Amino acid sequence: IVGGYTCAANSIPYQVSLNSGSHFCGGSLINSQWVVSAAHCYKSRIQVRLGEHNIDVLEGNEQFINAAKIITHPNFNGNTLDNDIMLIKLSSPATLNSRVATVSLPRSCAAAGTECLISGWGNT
């Protein structure tokens, strides 16, 4: 995130970090067993890190759960990034609490001009 601000710790409880030795992508928890992310973040093995704020320091709310299934959209196009969506099944269900929580899927598409919140541990 360029030009952002630091989120209040655990105020984005659906944000997860995808980890293969180090952070490489984000995702969103949509039920206790499933994270939605981008298909171009695919790796054959992924550890999902929930409850994170500082991804370099153990702060006490983390849950580290390895993926059991990783399903990219069948019509993902690696050249154009069309259909860039992926689902990750946790090998055990996350414990939902005040710092690890789900985000609702949309009930309709958002109008142009709608204010949104974007988050991540990407380059600043």
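Sequential numbering from 1, following the sequence displayed.
**Q** Looking at the entry, does 87 to 95 or 34 to 42 show the higher mean C-alpha B-factor?
**A** Here the higher of the two C-alpha B-factor means belongs to 87 to 95.
**Q** Of 22 to 30 and 57 to 65, which one has the bigger average CA B-factor?
**A** In the deposited entry, the stretch with the higher C-alpha B-factor mean is 57 to 65.
**Q** Out of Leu105, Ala111, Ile12, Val16, which shows the largest CA B-factor listed in the entry?
**A** The listed residue with the largest C-alpha B-factor is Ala111.
**Q** Name the third of the chain's ranked CA B-factors that contains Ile118, choosing lowest, middle or highest.
**A** It falls in the middle third of the chain.
**Q** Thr72: which third of its chain by C-alpha temperature factor?
**A** It belongs to the middle third of the chain when residues are ordered by C-alpha B-factor.
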